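Asker: Build me a model:
(3 chains)
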Amino acid sequence: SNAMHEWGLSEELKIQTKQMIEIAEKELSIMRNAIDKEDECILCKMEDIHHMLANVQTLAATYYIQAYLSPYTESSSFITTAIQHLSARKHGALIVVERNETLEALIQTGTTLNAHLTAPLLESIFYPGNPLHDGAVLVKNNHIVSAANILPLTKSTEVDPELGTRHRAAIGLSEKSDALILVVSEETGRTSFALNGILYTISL
Amino acid sequence: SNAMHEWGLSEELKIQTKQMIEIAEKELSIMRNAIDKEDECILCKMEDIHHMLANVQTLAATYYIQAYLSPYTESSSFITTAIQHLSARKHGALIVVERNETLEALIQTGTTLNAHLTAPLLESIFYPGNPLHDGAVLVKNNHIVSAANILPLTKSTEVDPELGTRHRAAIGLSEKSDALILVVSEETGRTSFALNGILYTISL
Amino acid sequence: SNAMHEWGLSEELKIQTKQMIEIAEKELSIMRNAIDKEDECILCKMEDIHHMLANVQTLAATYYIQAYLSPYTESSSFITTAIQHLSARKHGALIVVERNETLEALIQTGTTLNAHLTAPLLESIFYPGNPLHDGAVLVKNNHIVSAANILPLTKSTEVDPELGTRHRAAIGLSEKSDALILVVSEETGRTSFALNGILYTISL
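Answerer: Numbers count the residues shown, from 1 in each chain, chains lettered A, B, ... in the order given. Sharing the structure here:
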């Protein structure tokens, strides 16, 4: 896509994120002053602030997906839709998005697809119990290159010791390349991505 | 602010600067040919060419403030207004704009403000004789972090020997960080900024 | 010359190039399936695919000229026009476009022009037999600095051995600087540019 245009879009998402942070800061400041007043109970404001922080999380995640992926794929909306659906169903998923660095020496290929990337196809691949669900999907731009791929697992001792093999594979690949690797937990439906050896929670 | 949009603005200011230089170049070429003619006296064109060069200086200064500061503050117009007012009154001023590098280990804090940045406040801080005028203001994006700050002074021998402590503090901080430091001289009202160990005259 | 705007234009040329490649890819897949049908003769599609490939070549060349030259000159359309005309007439040409690095220590000046760059002037310089045709033109932004210049010749043993002195001078200068050097062959009218020690065929 047009990198100049996409840069503008990234920048506007960043603006929106900062604006929700400012909204939350303002509401906390109001609460901090209101608690001193006998005719106020700041408990009535907690739902509002929780939602404000949920919005911060959503906007920031949208920002980083756009900033990190827009130069490398035109399919981020399709990927995000698939991820949301998989999360809701608690279907484990592991989606590698190739970036500037080539990955064929780091990934052991399961089944080659070279398919048009769509959300239904991503969701079908990760349906529990099916032949292609166990392992990683590789995405290059707007194609699903392959599925059921084997990735290197992090051996980092700075573990989150509760992390399963899906998460460790994302982290492990992200340590050896500039790939961004999305994970959906089969246990909780929590969605994450790994980039440069670090796992980040996202809410999409 | 939107970096893509701001880049376009920077680039247009650069275009305008180049255009003023071309205008000046053209007028000089006219003058150079006209002097040979006994029915011409090129002295009549000198005020025009002085003005053209004044415009070059103003456009270039606007260009560099925009290019160097726009990624790091949305308050450059407020800062510029304050500087213009301070210059006209010959009120000494020293304004640090934090850029990519953090400055807390390099600046000894005077008084913490954490204030909304406005021109009246900057101008009030630097009103001669007042408790906050002696030392530097620190700006981070759209906040005045602090005032009356102490900066490291350059010990360089290659700098103008007639430079006071305000100018040496600007140069000094600029040698240790990527901060841009604006100065208004209390002696002449001349406005400068230091960046990367070099002091540049500006006219706003 | 607004770099933000020019970046957008480069990016759109890239998009157009990718789209022509997709068109060619699609036609080939059609042909690959059609050959199995004995009521089809895929020879009728060869002209089409040849044209498609010619379009890929044209779009890609336009993209690279734009991406490599737009930050350094506003005269690329004039240069392209001159090159097209010289190519058609099979008039040898060698045009250095100065980029980020200065070239005065690497180029031995023939005749200094410091002229407004226009296509008629470039074409006049390289008219066969004339005083200025033998050697390189140097372009800095929108000026023809000089002509009949002498450039260093590549010593590279890994070159094409059928390359004449024009092509070797282009390659040679491109090894010592970031200049882009356009060549028109006097033998065939083939147009190339050298960049960083590599010669690329262009069609425009």
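
Asker: Paired strands for the helix or strand hosting residue A:199, with orientation please.
Answerer: Counting by DSSP states H and E, the element that carries residue A:199 is strand A:198-202. Here strand A:198-202 is paired, per DSSP bridges, with strand A:191-195 (antiparallel).

Asker: Could I get the full set of strands for chain A?
Answerer: Counting by DSSP state E, chain A has strands at residues A:93-97, A:111-116, A:136-140, A:143-149, A:180-184, A:191-195, A:198-202.

Asker: Save these as a markdown table, and put in mean neighbour count too.
Answerer: C-beta coordinates here come from the backbone N, C-alpha and C atoms, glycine included. As requested, the strands of chain A are arranged in a markdown table below (neighbours: other Cβ atoms under 10 Å in any protein chain shown):
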| stretch | mean neighbour count |
| --- | --- |
| strand A:93-97 | 25 |
| strand A:111-116 | 13 |
| strand A:136-140 | 25 |
| strand A:143-149 | 21 |
| strand A:180-184 | 26 |
| strand A:191-195 | 21 |
| strand A:198-202 | 14 |
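
Asker: Could I get those strands in CSV, plus columns for distance to residue A:4?
Answerer: Formatted as CSV, the strands of chain A follow (distance: least, Cβ to Cβ, whole Å):
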stretch, distance to residue A:4
strand A:93-97, 22
strand A:111-116, 27
strand A:136-140, 23
strand A:143-149, 24
strand A:180-184, 22
strand A:191-195, 24
strand A:198-202, 26
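
Asker: right, and these - which one's nearest residue C:98?
Answerer: For the strands of chain A, the distance to residue C:98 is smallest for strand A:136-140, at 37.5 Å, taking Cβ to Cβ.

Asker: List the pairing partners of that closest one within its sheet, with orientation.
Answerer: Strand A:136-140 pairs in its sheet with strand A:93-97 (parallel), strand A:143-149 (antiparallel), by DSSP bridges.

Asker: how does chain A divide up, domain by domain?
Answerer: Per curated CATH domains, the domain ranges recorded for chain A read A:1-72, A:73-204.

Asker: and the ones you listed, which is most packed in?
Answerer: The highest average neighbour count among the domains of chain A, using mean count of other Cβ atoms under 10 Å in any protein chain shown, belongs to domain A:73-204 at a mean of 18.

Asker: What does the residue of chain A most remote from its centre show for phi and psi?
Answerer: Most distant residue from the mean C-alpha position of chain A: residue A:38, 44.0 Å away (Cα atoms, centre = their mean). Residue A:38 adopts backbone torsions of phi -60, psi -30, taken as degrees, to the nearest 10.

Asker: Tell me the residues of chain A that contact chain B?
Answerer: A:4, A:7, A:8, A:11, A:12, A:15 (Cβ under 8 Å from any Cβ of the partner chain).

Asker: tell me, which of the residues you listed make contact with chain C?
Answerer: Among those, chain C is touched by residue A:4 when using Cβ under 8 Å from any Cβ.

Asker: Any chance of JSON lines for the residues of chain A next to chain B, columns distance to residue A:100?
Answerer: Shown next, in JSON lines, are the residues of chain A next to chain B (distance: Cβ to Cβ, whole Å):
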{"residue": "A:4", "distance to residue A:100": "19"}
{"residue": "A:7", "distance to residue A:100": "16"}
{"residue": "A:8", "distance to residue A:100": "21"}
{"residue": "A:11", "distance to residue A:100": "21"}
{"residue": "A:12", "distance to residue A:100": "24"}
{"residue": "A:15", "distance to residue A:100": "26"}
